[PDB]
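Peer 1: With the input below, show me the fold.
(chains A, B, C, D, E, F, G, H, I and J)
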Amino acid sequence: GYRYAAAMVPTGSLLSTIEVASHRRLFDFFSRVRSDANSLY
Amino acid sequence: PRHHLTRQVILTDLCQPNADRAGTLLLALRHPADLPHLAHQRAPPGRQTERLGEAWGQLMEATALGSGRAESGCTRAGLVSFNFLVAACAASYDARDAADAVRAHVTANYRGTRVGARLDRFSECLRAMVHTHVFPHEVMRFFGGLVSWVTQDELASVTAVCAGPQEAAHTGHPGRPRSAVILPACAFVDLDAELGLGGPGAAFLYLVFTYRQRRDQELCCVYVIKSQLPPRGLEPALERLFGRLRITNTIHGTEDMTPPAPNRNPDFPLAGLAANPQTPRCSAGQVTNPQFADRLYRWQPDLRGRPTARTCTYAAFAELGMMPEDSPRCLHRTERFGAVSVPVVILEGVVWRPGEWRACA
Amino acid sequence: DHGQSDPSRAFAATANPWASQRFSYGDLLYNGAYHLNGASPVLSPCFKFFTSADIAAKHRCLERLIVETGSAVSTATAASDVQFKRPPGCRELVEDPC
Amino acid sequence: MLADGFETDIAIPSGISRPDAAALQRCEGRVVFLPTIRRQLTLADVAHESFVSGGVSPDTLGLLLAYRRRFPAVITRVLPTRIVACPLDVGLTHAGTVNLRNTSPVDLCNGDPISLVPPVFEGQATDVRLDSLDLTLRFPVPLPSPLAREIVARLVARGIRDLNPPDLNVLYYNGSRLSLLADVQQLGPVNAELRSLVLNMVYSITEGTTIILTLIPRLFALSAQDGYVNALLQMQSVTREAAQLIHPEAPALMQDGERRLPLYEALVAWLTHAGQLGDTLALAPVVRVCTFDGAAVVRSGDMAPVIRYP
Amino acid sequence: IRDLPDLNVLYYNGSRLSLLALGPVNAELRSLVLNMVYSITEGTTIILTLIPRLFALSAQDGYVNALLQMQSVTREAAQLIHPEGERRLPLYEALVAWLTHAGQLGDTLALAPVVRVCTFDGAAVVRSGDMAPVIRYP
Amino acid sequence: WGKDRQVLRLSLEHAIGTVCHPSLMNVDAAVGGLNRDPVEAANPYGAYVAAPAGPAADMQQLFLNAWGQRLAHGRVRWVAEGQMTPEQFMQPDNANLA
Amino acid sequence: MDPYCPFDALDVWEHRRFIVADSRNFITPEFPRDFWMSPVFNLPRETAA
Amino acid sequence: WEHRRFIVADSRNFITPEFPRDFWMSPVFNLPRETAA
Amino acid sequence: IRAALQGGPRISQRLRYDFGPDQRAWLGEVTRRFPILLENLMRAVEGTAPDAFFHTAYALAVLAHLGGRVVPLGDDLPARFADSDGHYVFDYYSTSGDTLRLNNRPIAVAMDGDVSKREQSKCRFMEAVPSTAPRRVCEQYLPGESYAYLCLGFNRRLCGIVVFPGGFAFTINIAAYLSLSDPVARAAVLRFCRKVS
Amino acid sequence: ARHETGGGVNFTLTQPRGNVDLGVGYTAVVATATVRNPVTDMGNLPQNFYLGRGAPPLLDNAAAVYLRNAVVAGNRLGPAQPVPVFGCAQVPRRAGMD
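Peer 2: Numbering: from 1, shown residues only, chains lettered A, B, ... in the order given. Below you will find the coordinate block:
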C-alpha cells in the first residue's frame, strides 16, 4: 500500500487520462476506490 | 449513528481475539450444565442416553491438560468464535482447499497446545449434539462482532456490537479506526447466483446450521447466506438446496425405534357411522359410565413407529442483519494471520439485527 | 532411566519403587495425562510433582527461572472453602520454593 | 433499521394526463408491494401489469403467494415528479410513525395487529387506473388480524370444495353483515395452500397426542357441567359426534416412558406448526395501531398512526 | 393434562428450579388447558377425516410412503389426499372455526421478544433483584 | 501440631478414601505400554503353566527330561531377589526394578 | 415384473458445486433393452464322456 | 443446474425371482467328489 | 449357493444406488433372465483350464484362507489389507450373451456395513499403486454400477457376496462346504505361496 | 468515550501506557520478612477419588454400590447428591468454618 500522505503533495501531475483499470497487469499496487472508502484514513 | 456495545468477560478456551482480529462473528452458549439430562429428557426413544455429556466431558477434559484449568468454576465458557466453529465442521464443506486453510491457522495462530485435539473433539461433540437431540441452534445464539479486546492469560475482556452498524463503533486505536466484517469463504454462500436473480437492492444475512440425522456419522455445516428473501420467504430456498438431506432425515434417523405389531388399525368409522341413523350414541351424562360405554366403538391408535417432525428436522435459520446499500459490496481477499493465508469474504456496511431461531422441519 | 542413579540420592536408584518409574502406581493416580482426577474440584498437591508434561516443558536458564517463581501462578485459592482446584481464570502472585 | 430511515423513490413517467395527477394525490396512505429494496423504481414495476404471472392472470386466493415474495411499503407523500414510500421490513421511518389512510369497510381499534388482504369484497373493490400511462393499480385492504385469518380460512376451504364434485360465504364483525366473491381459483395455487396445511397439520401429531385423544370423552361430559366448556364446542365441531361414537383408550406401555415426557413433546411441536399457521398462509401482521392521542375507534376513511409489531 | 416423570424440574445455566412451590395455580390455569385440548383434538380428527389412512396403514412404510409424496413440491397434491337421508358432517365449516381458534393462540403463545439485555459496565450474569440493562431491537 | 497448637491424629485407618477406590486395579495402561519395545525372553520357569498330561504316577520324571537344559541357562529371577538387602534392592544392581 | 419399490418417484434439483452426499447411479446404455439377447453358453462338443 | 427424476433406494428393496421346478436339480450342482472330467 | 437360495428367498439389495423411472424395465429384464446366469457362472468357472483357474480371484480367496488354516500369495495381486472383514476381491462376469470373465487383475473393493445388519454399504476402490501396461475397461466401474456386470467376490475369512445389476446381493458361506483336508491344504499352499521376509 | 446504557449514561476513560526495563541485569529485590496468619488449616482431610469419575468401575454392581456407600458416608469431602454423568459433584456446605 502506497503512502496516502506522499501523494498529498505531488511532484508533477499526469496529462492524458485513460481507464487505469484497462491494465492492472502492468502495475504493482492498484485499488479502485468508489467515492470515499474507509481505509484512506 | 446509534449502535449498542456489549461487554462480557469470557474465557479464551474456544475464542482467540488476539488471532481473529476484528469484525468476526461470535456465538453465545447455554453454560453446558443444562445439557446432559435434556438429552436424557428430549431424545427420541431407543437412542443412546448419555452420549452427549460423555462426549462433552472429553472436550472439557481436553481443553487444558497443562496448568490445570479445572473442569468446573464460577466463570464458565460461554463464547465460541466463528472461525473455530467453521474449523470444527471443516470436513463437510465442498471446497476442500479453503476448508483446511481455515483449519490451518486454527491449529497454528491460536494460543495453546494440541489445538487439533480440541477440533476433532468439539466436532465430535457436535456429532453428539444431534443424535442425543439437543440441537446446537437451541444452544448457540448470536453475539456481536469484535471492536476491541483486552487480553491476558486465560480470561479476556470482549467488546462487541449487538445492534446497529458494524462500522460506527470506535475501535480504541485511533491509528486504525472503524472495522469491517471478516468471514471465511467456506461459509459465505449467496443465493443471488443459485437463483440467478441479479439486480440491485438490499440483502438479509442469514445464519444456517445443517443437520444430517443418522445412526452413522452426523454432520454440521454453518453458512452465512446473503439473500434478498425475508424469513417469510426463505423456507423454499433452503429446501431446494438441501432437498436430499430432507429425504434422508425422514427415512433414517428413526432407528432404533420399535414399531407396533402390524397392522393397527383398520381405519376409523366416523364417516361411516355418522350417515346411518341406527348407530348407537350416548349422551353427555351417559359417557364415562361403564355400561353405556360398552356398546360404543373401541379405537386404539398406535404411533410408536412414526418418523415425526421432531426427527424430520433439517436446516434452521435466524435473522442476522441487513446490507442497506443499493448494491451490496462483497470483496474476496486473503490476509495474514501470519504466516497463513485464508480465503476471506469481506462484507461492507453491515447493520446488525438479531432474531429468533426457526426450524425448517 | 534406572541404569543411571538419581541426582539427589546418588546412593541408590529410587526411594519409592512404586513412584518414579513409568506406569507406576504413583504415576497413574496423579499424572496429568492419565487423568483419574480433575473432575474432582478438590486439589491434588502432587499434581505439580508427577506431571511429566509440565517439567519437560520448563525453562532451564536461571535468569528466568528465579523470576518466574517470584510471581508464579498459584494452584489454589483462599476464598473458597476447602483446597480446591482454582476457579481457573483468576491469578494469585505466589512464590514457589517447591 | 437505519438511523435516518430508508425511503424509495418510485419514478413517474412525464407523460401525464392532468386529472390522473390529481388522482394520485388521493393515494396519500396506501400499501404498495415492492419487489426489491432498490431506492429508485418505476410505476411499471408497481402496477398490476408487471404484477401478472407468465401468461396467467392471478386469482384472488393465489395473489397472497405473490405478496409474501414482495415487500409491502406505505406511501408517505406524493410529489408531481415521484412517489415517496417507506418499506415495512426495513426500519420504517425516522420517528417510528407512518400514517395509513384506510381503504376498509371495517373500523379499527387500538392495539390491533394489521395484516393486509387483496380486494375480495363484493361491490366494494377499489382500483385506480391511469389511462394516459396504461397502468392499473390494485391497493390492498388493511384489516385486523382475526378477520385476515378468517378470510384466508374461508377462501382456502372454498377451494377444497371444488376438488370434489352448502354453504359458507358470509362472516360477521361487530354484528354487521358483509359478503365476498367467488369467481374461480386456479387449481395450482389451491394445491400449494392445501399442501402448506397438511404438512403443518401432520407435524402437530406426536406420541403424546395419543393420550390427548383419550381425553375427548371427558370433555363432552365436562361441557355439560360447565357453561364455559360448552361454549367452546360451538355446536358444529367434529369432536362432538366423534365423542358420541368413538371411545378411545390410551396405548400402554410407552417405549422409554421412564425418562421422557410424551405430552410435553406434543405441546411444543404443536405450537411451532399449528399455532404458527396464521403466519404461514397469509403474510405476517407487521403493523399495529397505537394512537398517541386517546381515541377508541378510527373511522373508515381516516388516517391512523402505526407502530411496528412485534 | 395429567389431572384428567416429574414436571417440576427445570435447570437454567447451572441453577435448579422448582415449579411446584398446587392449590390455586392448578385451578387458576385451567382455561389454558381446555383450549389446548379443544384445538389439538379437533385438528387431529379433521386431518384424520380427510385422510383415513393416517393412523391406518402403515406403521412405518406406507406412512412414510404417503409422507414423502405429500412432502415434495410436485403437482401431485390433491390426487394423494382426498377421499372423494345421509346427513352431513360439517367439515369445512369446522375447518374455518378451528383455524380461528388455533390462529388465535398464535399471537398469545408466541411470547414475542420485546426486550434484550446487553450487559455493559457490570456483571455478566444478571441475578435476582438486579437492575438489568435493556435494549430493544432497532 | 496443627494451627491452634492442637495435637492432630493422622492414621492409616484415616486413609481409606484413596486406596479403597477401585482405581488401584487399573493395569491396562501398564501392559499396553510396556509391550512397545520388545525385550529378550528370560528363563520361563515360573511364567508358564502346562496342562496335566498322562497319568500322574510318572509326572515328575517326565518333567525333568523336558526341562533339563532350560533350568541352567540363566539365573531364576524371583529367587535371587530374596537374598537382596533392602538397600541393595533399591540400587541399580538388579536392573529388574523397572 | 419390477423389483419391489415402496417409494415411487421424487424430483430433486442439484448444483455441480453443491454436490453433497455422494452416492452413485445405476447406468443403462442408450440403445433399447431388446438388443442384448438371453445368455447362451453351450459346450456339447466338449464332452466329459 | 442438473435436473433428474429421482428414486430413493433402501435395503427394503428386494427382487423375487422364480425358478422352474426341474431347474434346481441339475448335473452341475449335483457333481460327485470325483469326476471323470 | 444351494444353502443361500433354498426355498423362496427375497434377494434384497445390500448396496446403495439411485434409480430412474425408466430403469425398471431394465430391472424387469433382470427377473426373467435371472436363473440362467446362475448356471452360466457354474458353467464358465468349470470351463476354465486348471492352470488358468489358479489365476482366478476365486482361487485367491481360497489360497489366502488356507494360509490362515503369515502367508502371502505367489502372484502379489490382492490388497495389502488382509483384515478379516471389510475387504473383498472381485471378479466380473457378463450378464449378456456369452458369459466370460472380463478381468485379469482382480478388483479390491472395501465396504462398510455388512452382515451384522441388513443395511446399505458404500463401495470404494482400494489403491492405484500398480499401473502395469494394460488397463481394463471393467476396472473403472464399481460393482453394481452397471447393466452389464454380474459381480462375485469373497472376504479374507472367505464369505461370499454376489452383486447383481441394481445392487442386489446375498451372502454365501463357502467355508462350511470346503472338504479339503489339512495335508492336502498344506501341500496346496506351499506350491503357490511365498513367505513374508 | 460516551456510551449510554443502564438507565443513565456511562462515561469511560482510557489511558494507554507503556513499560520498558531500563536495566541490564537485576534492578529490583523482593525481601520476605514476616509471616501473618497461616490461612490453610494444618489438619487432616483424606482425598476421595469418588469425585474423580474417570475410573472404570468393577464388574460387581452390588459391590460397587457397597463400596461407594461405605466410604462416602459420612466423610467430610464426599458428595451429598450422587454425581452427574460429566458434571463435577459438589462439596457439602459445612455449617461453621473452624
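Peer 1: Identify the residues contacting the residue of chain C found nearest chain J.
Peer 2: Of all residues in chain C, residue C:40 sits closest to chain J, at 3.7 Å by CB to the nearest CB. Every C-beta, even on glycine, is put in place using the N, C-alpha and C of the backbone. With contacts defined as CB atoms under 8 Å, 6 or more residues apart in numbering or on different chains, residue C:40 is in contact with C:85, J:47-49, J:51-53, J:88.
Peer 1: repeat for residue C:34
Peer 2: By CB under 8 Å, 6+ apart, residue C:34 lies in contact with C:27-28, F:29.
Peer 1: what's residue B:83 in contact with, if anything?
Peer 2: Contacts of residue B:83 (CB under 8 Å, 6+ apart): B:20, B:24, B:102, B:106, B:184.
Peer 1: 10 Å - rerun?
Peer 2: B:15-16, B:19-20, B:24-25, B:102-103, B:105-106, B:109-110, B:182-184, B:187, B:337, B:342, B:344 (CB atoms under 10 Å, 6 or more residues apart in numbering or on different chains).
Peer 1: Likewise for residue B:335?
Peer 2: B:21, B:182, B:341-344, B:346.
Peer 1: beta partners of it?
Peer 2: Bridge pairing for residue B:335 (DSSP bridges) gives the partners residue B:342.
Peer 1: burial measure for whichever residue of chain A sits closest to chain I, as a count.
Peer 2: Going by CB to the nearest CB, chain I is nearest to residue A:25 of chain A, at 39.5 Å. Residues near residue A:25, counting by other CB atoms under 10 Å in any protein chain shown, number 6.
Peer 1: Could you check how far it is from residue A:32?
Peer 2: 15 Å (CB to CB, to the nearest Å).
Peer 1: Among the contacts of residue B:83, name the buried ones.
Peer 2: Among these, those buried by neighbour count (16 or more other CB atoms under 10 Å in any protein chain shown) are B:15-16, B:19-20, B:24-25, B:102-103, B:105-106, B:109-110, B:182-184, B:187, B:337, B:342, B:344.
Peer 1: Can you tell me the centre-most residue of chain I?
Peer 2: What sits nearest the mean C-alpha location of chain I, by CA atoms, centre = their mean, is residue I:153, with 1.4 Å.
Peer 1: residues contacting the nearest residue to that residue once chain neighbours are set aside?
Peer 2: Closest residue to residue I:153 apart from its sequence neighbours, by CB to CB, 6 or more residues apart in numbering or on different chains: residue I:90 at 3.9 Å. Residue I:90 makes contacts with I:57, I:103, I:106-109, I:123, I:138-139, I:142-143, I:149, I:151-154, I:161, I:163, as judged by CB under 10 Å, 6+ apart.
Peer 1: Among those residues, name the ones in helices.
Peer 2: Among those, DSSP state H puts residue I:57 in helices.
Peer 1: Surely residue I:25 and residue I:19 touch.
Peer 2: No. Counting by CB atoms under 10 Å, residue I:19 is not a contact partner of residue I:25; they are 11.6 Å apart.
Peer 1: Those two: who's more crowded?
Peer 2: Taking other CB under 10 Å, residue I:25 and residue I:19 do not tie; residue I:19 has more neighbours (23 against 12).
Peer 1: Any idea what the more buried one is bridged to?
Peer 2: Beta-bridge partners, per DSSP bridges, of residue I:19: residue H:7.
Peer 1: For residue I:123, see how far away it is.
Peer 2: Separation of residue I:19 from residue I:123 (CB to CB): 17 Å.
Peer 1: again with residue J:39
Peer 2: From residue J:39 across to residue I:123, the span is 67 Å (CB to CB).
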